[PDB]
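Below: the structure, in structure tokens.
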Amino acid sequence: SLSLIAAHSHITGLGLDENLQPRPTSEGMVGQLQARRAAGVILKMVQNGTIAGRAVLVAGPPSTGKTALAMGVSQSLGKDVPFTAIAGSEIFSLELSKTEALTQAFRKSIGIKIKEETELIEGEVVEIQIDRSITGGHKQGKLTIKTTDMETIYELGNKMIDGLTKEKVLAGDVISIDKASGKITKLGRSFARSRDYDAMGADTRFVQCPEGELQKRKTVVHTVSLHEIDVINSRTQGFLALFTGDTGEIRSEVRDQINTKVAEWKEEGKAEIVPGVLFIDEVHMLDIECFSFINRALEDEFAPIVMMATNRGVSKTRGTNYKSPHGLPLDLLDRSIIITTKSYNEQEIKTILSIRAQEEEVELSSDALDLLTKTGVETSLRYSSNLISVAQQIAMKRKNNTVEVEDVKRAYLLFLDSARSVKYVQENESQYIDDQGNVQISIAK
Amino acid sequence: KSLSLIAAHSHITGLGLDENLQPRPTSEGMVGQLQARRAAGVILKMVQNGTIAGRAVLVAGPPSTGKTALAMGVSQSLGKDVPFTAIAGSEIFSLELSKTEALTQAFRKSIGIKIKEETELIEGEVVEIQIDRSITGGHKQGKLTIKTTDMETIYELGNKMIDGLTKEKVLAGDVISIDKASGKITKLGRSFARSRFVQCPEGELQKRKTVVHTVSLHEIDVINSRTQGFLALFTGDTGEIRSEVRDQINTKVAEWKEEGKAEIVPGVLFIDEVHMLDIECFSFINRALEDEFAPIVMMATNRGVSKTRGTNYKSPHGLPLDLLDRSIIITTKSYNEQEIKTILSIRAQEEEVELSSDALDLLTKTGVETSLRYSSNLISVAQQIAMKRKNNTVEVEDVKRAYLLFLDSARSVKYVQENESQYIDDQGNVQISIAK
Amino acid sequence: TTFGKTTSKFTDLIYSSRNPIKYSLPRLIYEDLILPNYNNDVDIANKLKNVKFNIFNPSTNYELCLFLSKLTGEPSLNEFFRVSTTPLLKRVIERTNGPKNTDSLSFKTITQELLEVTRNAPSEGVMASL
Amino acid sequence: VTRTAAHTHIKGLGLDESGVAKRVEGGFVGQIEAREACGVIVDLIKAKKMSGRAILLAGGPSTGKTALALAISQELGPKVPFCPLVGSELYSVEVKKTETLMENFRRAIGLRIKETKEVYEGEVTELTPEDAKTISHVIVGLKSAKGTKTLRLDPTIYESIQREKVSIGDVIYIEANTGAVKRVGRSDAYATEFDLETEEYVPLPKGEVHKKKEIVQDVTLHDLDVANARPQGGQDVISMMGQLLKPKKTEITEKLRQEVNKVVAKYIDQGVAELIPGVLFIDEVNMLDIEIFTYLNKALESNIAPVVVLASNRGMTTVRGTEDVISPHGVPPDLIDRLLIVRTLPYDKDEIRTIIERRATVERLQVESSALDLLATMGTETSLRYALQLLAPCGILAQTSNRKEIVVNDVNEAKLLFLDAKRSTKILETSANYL
Amino acid sequence: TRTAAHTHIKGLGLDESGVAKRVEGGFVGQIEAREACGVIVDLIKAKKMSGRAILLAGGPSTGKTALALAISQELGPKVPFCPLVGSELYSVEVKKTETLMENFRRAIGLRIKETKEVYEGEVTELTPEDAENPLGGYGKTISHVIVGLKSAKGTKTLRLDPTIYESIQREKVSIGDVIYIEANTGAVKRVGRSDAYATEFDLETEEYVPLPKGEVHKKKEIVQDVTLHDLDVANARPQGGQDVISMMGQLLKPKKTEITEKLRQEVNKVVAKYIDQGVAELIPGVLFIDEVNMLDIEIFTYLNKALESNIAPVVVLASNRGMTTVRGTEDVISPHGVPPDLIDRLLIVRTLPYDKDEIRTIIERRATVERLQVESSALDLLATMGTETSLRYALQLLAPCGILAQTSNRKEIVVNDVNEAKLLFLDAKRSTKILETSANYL
Ligand SMILES: Nc1ncnc2c1ncn2[C@@H]1O[C@H](COP(=O)(O)OP(=O)(O)O)[C@@H](O)[C@H]1O
Ligand SMILES: Nc1ncnc2c1ncn2[C@@H]1O[C@H](COP(=O)(O)OP(=O)(O)O)[C@@H](O)[C@H]1O
Ligand SMILES: Nc1ncnc2c1ncn2[C@@H]1O[C@H](COP(=O)(O)OP(=O)(O)O)[C@@H](O)[C@H]1O
Ligand SMILES: Nc1ncnc2c1ncn2[C@@H]1O[C@H](COP(=O)(O)OP(=O)(O)O)[C@@H](O)[C@H]1O
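Protein sequence lines correspond, in order, to chains C, W, P, Y and B. Taking full-length UniProt numbering, the leading residue of the first sequence gets 16, the next gets one more, and so forth. Those letters in the second sequence? Residues 15 to 209, 220 to 460, per full-length UniProt numbering, in order. Those letters in the third sequence? Residues 1029 to 1036, 1069 to 1190, per full-length UniProt numbering, in order. Those letters in the fourth sequence? Residues 21 to 152, 161 to 463, per full-length UniProt numbering, in order. Taking full-length UniProt numbering, the leading residue of the fifth sequence gets 22, the next gets one more, and so forth.
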């Protein structure tokens, strides 16, 4: 497993009932009984899929749970629906325009669904017999493919033999052949022939011989975003641009062509459109041209639902010289519905700290948890959340199982919050570097 | 070898010092600045000892006081096979490298690796060559007779020797050098045989010769990186080399020094006009000096309390206080009359100009009055005025003619300041017409 | 250049042009950084970074290969592993115009559709002259 | 022989088993609280259970923040990755700063692979291919000074043998797992076939043909990311000349990062790889723009983020990229909530004297007692770094007078020859035209 | 069906030779702007004027983009329409002048008609006929090539040039394949394999396609539509050759380049030459740039230069500013953010804000298109909200009311639903009032 305990990983879905009524504490999130209801309405808006291009705004003070709400919406949305989570500083690119980066972030969050039914013949090659006619225009073949359970013999075509001459196969080679599409792959070499050649080589790989039946039927459902189709249909070999990011300002005419293509697929009926959510954390630091493109780019039919989070008050919009509410211009605020989050009290902070210490496998006493709750009321919540994990290691250094009040006091002594750091800087301002670069290094005057 | 007409610092052959690090009044083209020369000798001994690394010194003083002269003296006193990088403050502002990457490349270009290897060589004079072909020509047989002043021998040639001698055609009487292990043969010249011209080699034909190589860390950094080859050392497009290959080169060099196959020769990085760097470059310089492979940095600046670049405050020497905290400062002073006249006499000796005593005294007076560089520029331009009247020695009239023809700073400012209607001002206002 | 000149039944003419600038490299850097031996791990790390941990390997990443084969329409699932591991000049030199199946996510643009008409079109046609 | 650069007397944090710190142990003097908190952070890192833990250590200049970070890197060991950084290095002209921050984030998560090196070497005695035209296999016979040994080979290694122009009598090198073929050169037994030849001659290997060795390979996630995202294509093993087109750094798509995480998790689940999270240390964090400070908030919430250590010396200083924001240590208030602040205290006279004595010890110099008192008074009067920088010219001036011990006179000449910042500023103030 | 802030507007709503009525085409009110846009539509359909600019201006949420989409709907899908945002002109690859010229050339369409003669069907026979007197030193000297075709209700054998045999051998055409023969150029190509050979082998990777319908020989007139920018980018790139540079550029990132005026001049020359033969037809369209306040003054000067061109289409601008400075200048106070040099070149259309009944009808039709049923009292409360806070805020609070109705298992929207939507979602005014009265470091 390649996942550690993150900042908010206890949140698994929105804690709602069938009637979109939030529980006081369920599946991770505590309190916030109106933002959870509004986010449930937004989740049902996404899951209906009948409307498009609407932006909501999550505004509140810092350390309130806006990104926790976004994580809950992402976890309760489930799979197969795309969820793009970007920050405000990602769109300022050296090789890409701001507007095209916004367009790529818009088109990475809406995809289509393709259903593929396969007929796989996976087995070990034993012998290949090649027969030619008198004219020699076409070549016939015999394939002896073998599983652990059974073995049979198929036939080849001219294109099959030509495609098997490319990527050379011998006896003991594990291949798989699709009946309907004719797809060819070389899985590697069997372990039964791993002791004959005495040296492997560069292109070889050893896989186990498969078991069971030969012709297995299985259907696959693929979810392809529109940005992937845009990248693929813009170059000769475009998947490397998908995995390296050097797409470089894809032209609009292929985007209109792909939009007409997707409409044709939906009308004919081999695909259906899965909308998604684009989440922009810290939207306040975006340039005014990006805001204008966001304003005018939400009226397209192939537009997802945008979630923005801002913890700023009436501040200065970037790129301009005035001040606006939430750091956003009034044209975008007209095209929005605002979800407001409110600060917590002692019991909610108590429950959140209990949940976070429960996940981190830290056992707290009642008095230590009360001290952490008092610190979370006085200082911020994240200070207490980090103090839990530090005090657990302090408890292990004392050879103790559960933490005590003394470990929390030692963690409070050894580590500082913002206010104590500000005070200790202010009473010793001569030893730190000022705005004018003035400092004193010598301690004796 | 190292073609040059006349340099402005061409008379400085090194630091004039005794065996007890004492500066003589006149030695190696350097006069005056006794304490600065003693400090630079101490820094030279610090470089030559090689046991400490990453120390930055600063040379600060008034303009035209010999800071670049001190740097050139240290560079000449180091001699060969020791790296010495001299860059300016405006060179790092690249369009295809970042500033930290350019500073990193300049840091790693100033430390080198000394590796000794031996290669067996054959060099002599060709007497006679036979090439034999068969009936079908499939097999080639050959014989080569080669001699020195002490021996003579005949070699039976293989096929690849025959193809290597047919290519780059070698005739009789030709002096060549043959590398057996690589197959490269070079023609040294022609022997002195009338019947270029190089003499016949002496001693044994087959010599094991030891060549001492010195390669900087930046070269191994470029070759170890797989994105570009060694041709980027000449074309100059390295392009932001990653730190991982630098760590591998660090570990490999450390284990080479531990095994004993190679030694580390540290050098000096000289930054000239260091005051024109950004504060990001200064902050990188603070944390780049505690690495084990860090050279000794020399900075020269002449500003006073001026604005640091990229900021909005003023600092001493144009540098922030944390950078000046890790620096020891050598201060240069202005010159006297005797030192100015000795500098002018040395520049006269280097410019093959014969001067009279009165012309030298007039040059000394006008150098004390205005500038040392003004007199050092006038002394070479007076010789052409002297040669126009067809006499060898430069007299007083030539110096007065050169003083009349070519102005200095103060006279030009004085002439501008009461004629400013004829010059373009800060507002772009000028008067062109003579009347009205 | 510094080539092999003559200091004056056929005559041999062999290309022997070199450059006067010589860059000297010690044997130690070559033999301990570029050539594999017993005491270095050049080949081991090359295999480890190019074969075992490659994301286009069908022995470990068959789902991505099938997804990309649906996306592009390549008839072979080893095409991406072969494309990602050979140099660009080698790729453009031996590029072959193999057929692609129609049931895929990619078809032809308008510009290429106009392009394939005028490959061998004669003059006086409107689309060829345009 | 031995080199010394501002450090290397720092060997560790210097703590006992209880976590408390001694006064003078491990090259550290003073600052008990910061060293104990750093040991707690070391234990938290060794737990290998938390991700995205940000630590700020703050104090005045020349107090020992970088020494503490180096003590962290020494206490964790060489197995744990450590990526030191300065805040100015995040600005590049090739890609955006956020992508450089993501690369420096993923450089600190390491892996350990256990691999086996198998090598055949020796003189070729038999090279007889046969056809099944297509060759089915080749059989190679190798000879060394301890015997001979024959091997069957696959045709791909026969093609690689034909690449090196291997004939009978050439000493070659075959790796069994990778399949690389290196031709060392012709053997000495065939050195007299011609009197002059373009072929180098090497002796026979004195050991066996077969050699078996177990090795450990340490790679990070950034190495796999840059190995899987070559835009030009896969490189050859030997390319001394450069590529025809210059590869430049690109914006790596997070889908590639997801696939790399999937492959690494699959290899971890089979017991082949071990995950070693490490430390990303950023010095002079106040040189960062507010955009990187915003992207750090997102980057600290990842499930694979390493432990981040930041160090700063500024006070109530304006954040870069803003005009009307005053924040402590140059760190914005949206990000300063997420860390824990470790305070670092200045030094006294006796601590400065002990530091100077330790630096004279590690530099292999002998000083007198009165010279030590004068250097301590100088350090308390100007700066701590000034005496440490002036220690070595004192040793050189003592060496030039044929003495092995620094006395007061050498300290006086070093004080006279080299100045500090205060005397240089007092010269700068009382001067006519630019000093 | 997906609805996104639009698609309830179909055209303008004018009658013939007369005044636009109030209830037509999804428009409520804005009668004079609709008449002006109808006159603009007639001017575009006259196909005579070139380089005309129209700036339509008003407050936010007035119907500017609705009128532009009504222009595009009234012109038809054959007339090109290029929607442009003012932020789109700034690129990091080329200059903004070249981006403006590319979007300028994208708005001119060309209609080309052509007659194609074809020979398609399943291959019956393939016999290279030899000559009567073969030449020495050679083998199989072809005199002609006999190829038999088979289609649905049609079979025809053909005599071919001997040079077609190289094209047969190149594209690997065998018996049973279906091919496609161009008449004049030759140049056969393999469409695929016939469906009758689909069960020939067990495993075979071969494209199988149906047998084509109709006769083997037919004459079809194909009308194709391209724009001038497609012709520019197709003539600019080098054609299919064997050089390393062309395929290397095909395998790399397609970076845009500054297309010179010479290529555009030659394209216009050959295009005019093929109009005057009566073959091609030129269709101008609309380049619509909205929020032109974000344009720099250099782009305004290049617009001044580019509007005087002969081939230029009609350009429509939209802005919602008053007396603001032009970007790139620190003192030019100008109406609508447009410099006075461009303002003299264009006609200004004014749009007016709405009333109680117009907002009520707009909300009613938007709820009708969104497939929702609302009550009378809920509609009156929504109209009161629309004239109290914003029209767009009342329009965005319809679908969450439908969700809250569906949660309580009702298909009707009533008063408590919109009260709960008020209590859940805030507009900008109450958000600003919360911001101004909070001192919690927000
Ligand atoms: N409703 C909630 N339930 C549980 N934890 C919460 C909640 N709201 C906030 N938190 C905790 O607060 C921490 C940081 O809050 P965050 O969501 O970042 O606030 P904001 O989004 O306003 O910055 C997270 O680690 C999360 O665990
Ligand atoms: N002590 C000295 N000995 C010899 N030449 C000197 C000395 N001091 C200055 N000069 C000469 O003065 C000239 C200009 O001085 P320079 O070093 O360029 O000034 P700065 O130190 O401001 O760069 C140089 O040609 C240098 O040779
Ligand atoms: N407690 C200590 N014991 C020994 N040496 C110290 C101590 N604190 C600082 N130093 C030394 O002081 C020098 C400068 O300290 P430094 O780490 O640069 O502080 P800062 O990073 O805050 O400027 C370092 O070389 C370090 O070895
Ligand atoms: N006259 C009208 N008739 C019908 N709907 C209108 C009318 N005017 C505006 N609207 C609606 O108002 C919404 C926003 O109008 P918009 O085009 O953004 O105006 P502006 O361009 O002035 O901001 C659109 O979804 C549109 O359907």
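C-beta atoms are modelled at their ideal positions from N, C-alpha and C, and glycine is treated no differently.
Proximity test, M44/C beta-carbon vs ligand 1 heavy atom, cut-off 8 Å:
Here residue 44/C refers to the residue found at position 29 when the first sequence is read from its first residue. Yes; taking the cut-off as 8 Å, the Cβ of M44/C has a heavy atom of ligand 1 nearer than that.
Validate contact between the region 1123–1134 of chain P and the region 1157–1165 of chain P using beta carbons, cut 8 Å, 3 pairs:
yes
Pull up the DSSP beta-bridge partners for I143/C, would you.
By one-based count along the first sequence, residue 143/C stands at place 128. Bridge partners of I143/C: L158/C.
Can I383/Y and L416/Y be called in contact, C-beta distance under 9 Å?
The count along the fourth sequence starts at 1 and reaches residue 383/Y at position 355. The count along the fourth sequence starts at 1 and reaches residue 416/Y at position 388. Going by C-beta atoms, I383/Y is nearer than 9 Å to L416/Y.
Candidates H357/B, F321/B, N256/B: which alpha carbon is nearest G80/B's?
Taking the first residue of the fifth sequence as 1, we reach residue 80/B at position 59. Nearest option by C-alpha distance: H357/B.
What are the start and end residues of the beta strand (DSSP E) that includes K233/C?
Taking the first sequence and counting its residues from 1, the one referred to as residue 233/C is at position 218. Note, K233/C: beta strand (DSSP E), 230–240.
Segments of 4+ residues assigned as alpha helix (DSSP H) that fall wholly inside the region 302–365 of chain C
303–311, 345–349
Using a Cβ cut-off of 7 Å, which residues of the region 171–184 of chain C contact any Cβ in chain B, in chain order?
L171, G172, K174, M175, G178
So, does the CB of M60/W fall closer than 9 Å to a CB anywhere in chain Y?
Counting from 1 along the second sequence, the entry for residue 60/W is found at position 46. By this cut-off, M60/W is an interface position.
Near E138/B, which residues of its chain fall below 7 Å by C-beta distance, leaving aside the five closest residues on each side in sequence?
As a position in the fifth sequence, residue 138/B is number 117, starting the count at 1. Only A204, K240 meet the Cβ criterion.
Could you name the residues of the same chain whose beta carbon sits closer than 8 Å to that of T40/W, not counting the 5 residues immediately before and after it, in chain order?
On the second sequence, residue 40/W is found 26 positions in, with the first residue counted as 1. Excluding sequence neighbours, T40/W sits near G30, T366.
For chain Y, is any of its Cβ atoms less than 9 Å away from the one on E375/C?
The residue given as residue 375/C occupies position 360 in the first sequence. Yes, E375/C lies at the interface with chain Y (some Cβ there is under 9 Å from its Cβ).
Give me the residue from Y1083/P, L1148/P, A1188/P with the minimum Cα distance to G262/Y.
Stepping through the fourth sequence from its first residue, residue 262/Y is reached at position 234. Among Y1083/P, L1148/P, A1188/P, the Cα nearest to that of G262/Y belongs to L1148/P.
Would you say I403/C touches ligand 1, meaning its beta carbon is less than 8 Å from a heavy atom?
Your numbering for residue 403/C matches position 388 in the first sequence. Incorrect: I403/C has no Cβ contact closer than 8 Å to ligand 1.
Buried or exposed: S82/B, going by 16 or more other Cβ atoms within 10 Å of its Cβ?
Looking up residue 82/B in the fifth sequence gives position 61. Under this definition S82/B is a buried residue.
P356/B in three-state terms, based on DSSP
Counting from one through the fifth sequence, the residue named residue 356/B turns up at place 335. Strand at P356/B.
Reference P231/Y; option with closest CA among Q94/Y, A255/Y, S172/Y, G50/Y
As a working note, residue 231/Y is residue 203 in the fourth sequence. When each option's Cα is compared against that of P231/Y, the closest is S172/Y.
Check distances from the C-beta atoms of the region 1081–1102 of chain P to those of chain Y and list, in chain order, the residues that come in under 8 Å.
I1094, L1095, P1096, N1097, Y1098, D1101, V1102
Quick check on the DSSP output: what are the complete alpha helix (DSSP H) runs of length 4 or more inside the region 400–444 of chain B, in order along the chain?
412–417, 420–428
With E170/W and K157/W assumed to form a contact (beta carbons below 8 Å), what rounded beta-carbon distance in angstroms separates them?
As a position in the second sequence, residue 170/W is number 156, starting the count at 1. As a position in the second sequence, residue 157/W is number 143, starting the count at 1. About 6 Å; that satisfies the 8 Å criterion.
Of all the options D253/B, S330/B, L110/B, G50/B, which has the alpha carbon lying nearest to the alpha carbon of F309/B?
Indexing the fifth sequence from 1 puts residue 309/B at position 288. That would be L110/B, whose Cα lies nearest to the Cα of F309/B.
Tell me, to the nearest whole angstrom, how far the beta carbon of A214/C is from that of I320/Y; I am working on the premise that it is less than 8 Å.
By one-based count along the first sequence, residue 214/C stands at place 199. By one-based count along the fourth sequence, residue 320/Y stands at place 292. Actually they do not touch by this definition, with Cβ atoms about 50 Å apart.
Beta bridge counterpart(s) of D246/Y as assigned by DSSP
Translated into positions along the fourth sequence, residue 246/Y becomes position 218. According to DSSP, which records beta bridges pairwise, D246/Y is partnered with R132/Y.
Given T356/W, which residues of its chain have a CB within under 7 Å of its CB, disregarding the five upstream and five downstream residues?
Locating residue 356/W in the second sequence gives position 332, counting from the first residue. Only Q47, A50, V73, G75, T79, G80, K81 meet the Cβ criterion.
For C1125/P, three-class secondary structure by DSSP:
In the third sequence, residue 1125/P corresponds to position 65, counting from 1. Three-state result, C1125/P: helix.
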